[PDB]
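Trainee: To start, I am sharing the structure in question, which I have written as structure tokens.
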Amino acid sequence: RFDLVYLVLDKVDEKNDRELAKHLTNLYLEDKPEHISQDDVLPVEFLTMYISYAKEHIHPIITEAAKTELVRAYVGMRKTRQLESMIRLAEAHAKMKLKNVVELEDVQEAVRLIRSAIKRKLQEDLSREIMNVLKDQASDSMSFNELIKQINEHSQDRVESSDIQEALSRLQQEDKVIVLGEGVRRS
Amino acid sequence: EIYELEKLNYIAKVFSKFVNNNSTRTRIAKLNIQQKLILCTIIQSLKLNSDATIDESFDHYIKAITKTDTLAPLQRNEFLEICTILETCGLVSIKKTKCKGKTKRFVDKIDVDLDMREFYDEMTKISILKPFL
């Protein structure tokens with residue numbers, strides 16, 4: 001039901017964070033930012049006047065001409081809250097750039113927006129094993145210990161007992177499996 | 001002719017050629033402390049007792065050196081030269097073993113002549129490989 005989510009994850013690497021540190025020290029290069037005016041940047045007082053004029057002077061209509069590109073934009077997430085969010089997103093796209101009629105190109109970017117804003121082995125084996133020791137337990141509970149034991153029992157992908165603890169917590173809390181007792185483990 | 005060259009003495013001369021590097025001259029082979037790090041890196045990849053490529057070793061070399069930041073991660077080409085320093089002393093041998101996908105294709109499987117008992121003595125003296133174990 002949320003209209004817009006935002007993955008604001010960093011994913012640290014080179015030739016990015018270097019520009020981040022350079023831009024944070026570029027205003028530390030001079031003691032006063034008097035040199036902030038020679039760039040493509042609107043002032044705040046002009047921006048709020050343009051925004052206040054556009055919010056109270058434009059009532060854009062969503063025509064039927066942008067029907068065809070909306071249907072297919074919905075089925076890609078379907079293969080009604082997203083549709084209600086994207087029509088408000090498209091009319092806000094129409095709210096900017098002084099437009100009274102919505103246009104076909106304006107929803108393209110809108111969808112790109114919601115597609116760029118959002119961009120298993122572990123638990124699987126976990127459950128798998130849980131099932132196993134259940135079966136071999138005559139369905140009785142798997143122990144914390146035996147769990148950890150068989151699960152590190154394989155050298156391949158290193159399931160650390162802490163990670164174990166975590167994913168376990170996940171499934172149980174995900175309600176898939178039930179575990180009880182501080183000192184014991186239940187399948 | 002040795003007593004002519006000097007103008008079971010020789011069996012004593014010939015067995016020390018064969019017995020050493022495991023007890024003593026292992027550290028002779030690894031004057032580089034990174035060569036000590038890369039030697040433990042091979043054995044950590046030997047958990048998956050597989051065709052120990054120079055890449056799967058390089059896989060475990062990067063994914064451990066990003067966790068413990070003992071040094072910067074080096075090149076694969078550097079990783080090629082450093083394991084050959086391990087080679088010429090006679091510790092690890094490299095052979096072009098078998099994989100049969102397209103043709104008889106040669107990936108390189110290594111094998112070490114050291115044991116964990118002769119490993120654990122020479123690493124407790126250096127607590128920088130102690131993060132890595």
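By convention in this document, the chains of the structure tokens carry letters A, B, ... by their order, each chain's residues are numbered from 1, and ligands are numbered from 1 in the order they are shown.
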Could you write out as an MDAnalysis selection string the residues of chain A within 10 Å of chain B, counting only C-alpha atoms?
Mentor: chainID A and resid 154:157
Trainee: With a distance cut-off of 12 Å and only C-alpha atoms, select the neighbouring residues of residue 78 in chain B, excluding the residue or stretch itself and same-chain residues fewer than 3 positions from it, and output the selection as a ChimeraX atom specification.
Mentor: /B:34-35,38,54,58,73-75,81-85
Trainee: For residue 53 in chain B, find every residue with an atom within 10 Å (counting only C-alpha atoms), except residues of its own chain fewer than 6 positions away, and show them as an MDAnalysis selection string.
Mentor: chainID B and resid 42 45 59 94 96:97 107:110
Trainee: Report as an MDAnalysis selection string all protein, DNA and RNA residues lying within 8 Å of range 72-84 of chain A, evaluated on only C-alpha atoms, omitting residues in the same chain fewer than 2 positions from it.
Mentor: chainID A and resid 1:3 68:70 86:88 111
Trainee: With a distance cut-off of 10 Å and only C-alpha atoms, select the neighbouring residues of residue 116 in chain B, excluding the residue or stretch itself and same-chain residues fewer than 5 positions from it, and output the selection as a list in words.
Mentor: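 The contact residues come out as residues 40, 43 and 121 of chain B.
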Trainee: Would you write out those residues with C-alpha atoms, as a PDB file, in the first residue's frame?
Mentor:
```pdb
ATOM      1  CA  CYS B  40      48.095 -21.073   4.848  1.00  0.00           C
ATOM      2  CA  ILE B  43      45.484 -25.253   3.062  1.00  0.00           C
ATOM      3  CA  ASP B 121      54.239 -24.819  15.311  1.00  0.00           C
TER       4      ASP B 121
END
```
Trainee: How many Å lie between CA of residue 107 in chain A and CA of residue 49 in chain A, rounded to one decimal?
Mentor: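 Distance between the two atoms: 26.0 Å.
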Trainee: Would you work out the distance separating CA of residue 109 in chain A from CA of residue 48 in chain A, expressed in Å to one decimal?
Mentor: 24.0 Å
Trainee: Among range 27-168 of chain A, which ones does DSSP assign to alpha helix (DSSP H) (computed from the backbone)? Answer as a ChimeraX atom specification.
Mentor: /A:44-57,68-78,81-95,105-116,121-136,144-152,161-168
Trainee: How many Å lie between CA of residue 9 in chain A and CA of residue 93 in chain A, rounded to one decimal?
Mentor: 25.4 Å
Trainee: Quick one: everything within 8 Å of range 167-181 of chain A, counting only C-alpha atoms, minus sequence neighbours fewer than 4 positions away in the same chain. Send it as a PyMOL selection string.
Mentor: chain A and resi 122-123+126+163+185-187
Trainee: Using only C-alpha atoms, which of the listed residues (B:56, B:36, B:120, B:5) sits closest to residue 76 in chain B?
Mentor: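 The closest residue to residue 76 in chain B is B:56.
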